[PDB]
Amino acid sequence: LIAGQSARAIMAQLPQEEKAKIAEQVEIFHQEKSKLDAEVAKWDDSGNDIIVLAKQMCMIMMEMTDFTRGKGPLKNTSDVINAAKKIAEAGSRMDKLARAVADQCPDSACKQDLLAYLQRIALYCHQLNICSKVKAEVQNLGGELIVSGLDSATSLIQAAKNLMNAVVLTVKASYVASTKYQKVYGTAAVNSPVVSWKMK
């Protein structure tokens, strides 16, 4: 018929071999995403923006990886680039909250883990941006022109997985830091905790 010429449509018709390798890599990302599904389900995001943000970031990352399989709401490469900017704004906001939480944390070692994770978020947000220009491209394989999108895809996906892991680790670790605050100063502490960890 009259096939689409959009970037998304093109990714959808990559050579089978490459679609296979991309699925392998998407799976690995999916595994790291379920750990986030698991941890995020525990709680009720009212009064906890860290959780909301983590959900937003998860969602936008799903769109980005879907793009590489030729699916999802992102049509053009510029949409993927924009998606990556959204994630970075989100990640920056979270950074403001989690940093507040560590500034309540009185257990200097618990403060540690949250801070180190926070900089992984900055780092992989960044690398996600750098890797966001995903596009099939023309290549020359021994005098034969082919179309490949594998490397561009896998680069994005890896950055997405790495980011996901850092988000999970940041959600967990900021929870732990919140408890260490409550354990020490009790629910009747004058300064209420930065985020509320309700269980619903």
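Start at 1 and count along the sequence shown; that's the residue number.
The PDB entry reports B-factors from which the mean C-alpha value can be compared for 167 to 175 and 146 to 154; the larger average falls on 167 to 175. Looking at 108 to 116 and 121 to 129 together, the entry lists the larger mean B-factor for 108 to 116, computed on C-alpha atoms. Per the PDB entry, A41 shows the highest C-alpha temperature factor of the residues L141, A41, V138, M64. In the PDB entry, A188 places in the highest third of its chain by CA B-factor.
Split the chain's modelled residues into thirds by C-alpha temperature factor. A102 is in the highest one. Placement of the Cα temperature factor of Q31 within the chain: middle third of the modelled residues, per the deposited record.
The PDB entry assigns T68 a C-alpha temperature factor belonging to the lowest third of its chain's modelled residues. Ranked against the other modelled residues of its chain, the C-alpha B-factor of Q56 as given in the entry falls in the middle third.
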